[PDB]
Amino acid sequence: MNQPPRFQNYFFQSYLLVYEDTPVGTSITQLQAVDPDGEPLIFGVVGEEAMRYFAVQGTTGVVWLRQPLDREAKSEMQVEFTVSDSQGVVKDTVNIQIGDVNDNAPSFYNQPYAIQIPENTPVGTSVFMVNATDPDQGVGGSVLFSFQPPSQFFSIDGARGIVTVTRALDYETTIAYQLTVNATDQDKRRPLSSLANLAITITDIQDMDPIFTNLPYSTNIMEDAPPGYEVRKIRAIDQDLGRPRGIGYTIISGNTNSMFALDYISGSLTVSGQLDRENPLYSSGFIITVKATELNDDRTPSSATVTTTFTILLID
């Protein structure tokens, strides 16, 4: 009594691994069967998808790949093979798993990457997160982030891609950082990587005292010089250039007999009294000190001040 053949390959009970990089023409396996009748057998494969991907040599059982594979497109196939004798056909299904190779670089997303942060951001603070996927499996899909070149002022966490400030920032030294993030997969035979720019703008904070312009201020004037005559226009600026504050100008000392007047807003230092060169109160001249004070929006004084001391002499 003729008996139908039986397939034997382990992979009918489990899966047949075919790596995605297998070239067209490669023999991916050989079907094996037993039949008790001393009779030739014919091997093949059925189904439109399977017959397009695989060729079976009728006579030997050898299975060949007809078509290129791509795990990231299709990771898996159900495939029915057949073995035939003089009596009929036997069919069994095989789950064919498409094995992964590291053939994709990491991809950044949510670009462009840029942030604005103020110069007083504390060391330790996390200011950005990069995002990247890699569709490969295992270590070939595991991403490590780093800065190339590395930064003295920022770090990025290898696994999480979180950027932190690692040294005190300062608008007065550096207003912009152009950093470069690297994303590398962990596949040790063939690693792959890609790059993204990260733009960090720095923002100004009031942390600089004002400073006097056009120094020095020591001036000689005619002893005859009348009331209203401008000795000098005094000028100071907020060194915080991003959102400067107004300045208030005062005379602190040495203005003997209220001889001079200093306009609070304009800095115009003028003669107010009648000059008398040899009066014993000021025969040596005037050693005047002047203060510029940064003002709050609402015109009340701040603590940011600067003083300069200069001499006014009187001439024949």
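Numbers for residues come from their place in the sequence shown, where the first is 1.
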Identify the stretch, either 185-193 or 100-108, whose C-alpha atoms have the larger mean B-factor according to the entry.
-> 185-193
Of 221-229 and 70-78, the stretch whose C-alpha atoms average the higher B-factor in the entry = 221-229
Member of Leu179, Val127, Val83, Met208 with the greatest C-alpha B factor (per the PDB record) | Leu179
From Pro280, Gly248, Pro40, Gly58, pick the one with the largest CA B-factor in the entry?
-> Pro280
So where's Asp134 on the chain's Cα temperature factor ranking, which third?
-> middle
Comparing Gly285 with the other modelled residues of its chain, is its CA B-factor in the lowest, middle or highest third?
-> highest
Of the three thirds of its chain by CA temperature factor, lowest, middle or highest, which one includes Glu172?
-> highest
Binned into thirds over the chain's modelled residues, the C-alpha B-factor of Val94 lands in the lowest
Comparing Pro216 with the other modelled residues of its chain, is its CA B-factor in the lowest, middle or highest third?
-> highest
